[PDB]
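Shown here is one chain on its own, the form deposited in one PDB entry, set out as structure tokens.
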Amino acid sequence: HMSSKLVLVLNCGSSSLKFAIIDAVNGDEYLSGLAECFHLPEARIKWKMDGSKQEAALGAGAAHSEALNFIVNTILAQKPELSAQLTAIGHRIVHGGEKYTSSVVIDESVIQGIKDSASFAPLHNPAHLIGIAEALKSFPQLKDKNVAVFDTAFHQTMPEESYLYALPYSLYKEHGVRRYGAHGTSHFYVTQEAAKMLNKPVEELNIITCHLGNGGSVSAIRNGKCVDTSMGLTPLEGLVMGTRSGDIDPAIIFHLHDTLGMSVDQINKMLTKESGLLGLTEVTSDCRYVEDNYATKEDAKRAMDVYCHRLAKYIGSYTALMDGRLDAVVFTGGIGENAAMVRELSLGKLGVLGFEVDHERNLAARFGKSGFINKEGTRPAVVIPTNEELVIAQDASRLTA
């Protein structure tokens, strides 16, 4: 009566490949790893399987081909019973444009769809296609069982009110300039879980979801559907992030260019690689540093306060999307699951809404534990660990198997 449906989850960048084998039915992880430092002498691949840690090098100047070669011919070859059990392959895509509102099975037209959306993700989307092309060559058996899962799909339920910028409308009509967001897969996941935790249908769910980790985004959920999100055309907009600025006076770009002599490419690299938490603390991108030192160091305090200021205002701003009812706020992601004070300090600014954190409960909801962190009688607040890998596995399985 019981069954397993193992799916290979792949997350391909231009110099990285995050891979995992998940049983879509129950969520069991059979393998996970990371092949990094592509086209360099350092080129290595790390993995936890049974699960203990193994590290090997693929060779100086290694590409995605040998990255899947090592998985097939070295890792999967030892456990052939595991290899045969594979029923599908899921691919994460950063940007799916307006064409893709949900996960889809990969064919020639999807390859083109990803290629056409590449305009919005010029660095990430091309790398997905390389990984997609290698998965078809390394796994011939699963060539009609490849599925694409879009970071943006979940945000396509947004009404025009939310996706349109106050720019020339022609810019949308003929160039697709629109709010698309990201972390859609995570935003979806925590919504489904919040239903379990609030003991109510996902269809009746009015929550504000905060994915804070590798990038940061807040989303406004109305009746289970996303009606607004913090990231925009690109992942640059919204929250204070590890290395990204988020919201700025757009005119700053012009002030950096015309007054400070910085090139478009210089400014682009600053807002993307040199801003955010690295910008505020002239030290590091790591939120763990700020979480620990904000009580003792000035640079850490200024970073924390700006961060939490930004987060609190976004939660507060999405009351405009709630149509009179807010069931709970949700925290998730590397930071959202682990950083207690970030949750305490940012929600503490929202007393008007009815938010106040319990310290004892807040600390308890860390390092994988899920829980309600709100003080009793106050508006619900949940820590729910995310699982983007699982969503890709579930979707890849449902549409293929």
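All residue numbers refer to positions in the sequence shown, first residue = 1. We call the rigid core the largest set of C-alpha positions that still match within 1.5 Å between the two forms.
Stretches compared: 25-33, 44-52. Higher mean C-alpha B-factor in the entry: 44-52. The PDB entry reports B-factors from which the mean C-alpha value can be compared for 290-298 and 95-103; the larger average falls on 290-298. Taking the PDB entry at face value, the top CA B factor among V190, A133, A220, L326 belongs to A133. Comparing the C-alpha B-factors of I252, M262, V240, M304 in the entry, the top value falls on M262. Among the modelled residues of its chain, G176 has a C-alpha B-factor that falls in the middle third according to the deposited record.
Placement of the Cα temperature factor of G279 within the chain: middle third of the modelled residues, per the deposited record. For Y163, the recorded CA temperature factor ranks within the lowest third of the chain's modelled residues. When the modelled residues of the chain are ordered by their C-alpha B factor, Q266 lands in the highest third.
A194 sits in the lowest third of its chain by CA B factor, as recorded in the PDB entry.
One more form of this protein, deposited in another entry, exists but is not displayed; see below.
Here the two forms are overlaid on the core, and between this form and the one not shown the C-alpha of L233 is the only one among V202, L233, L164, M197 to shift by 2 Å or more. For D358, a C-alpha deviation below 2 angstroms is recorded between this form and the one not shown after rigid-core alignment. If you fit the rigid core between this form and the one not shown, you'll see the Cα of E337 move by less than 2 angstroms. A movement of the C-alpha atom of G176 reaching 2 angstroms or beyond is seen between this form and the one not shown when the two forms are aligned on their rigid core. Figure legend: C-alpha atoms of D247 and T152, shown here, are separated by at least 3 angstroms more in the other entry. With a change of no less than 3 Å, the CA-CA distance between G215 and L256 is smaller in the other entry than in the form shown.
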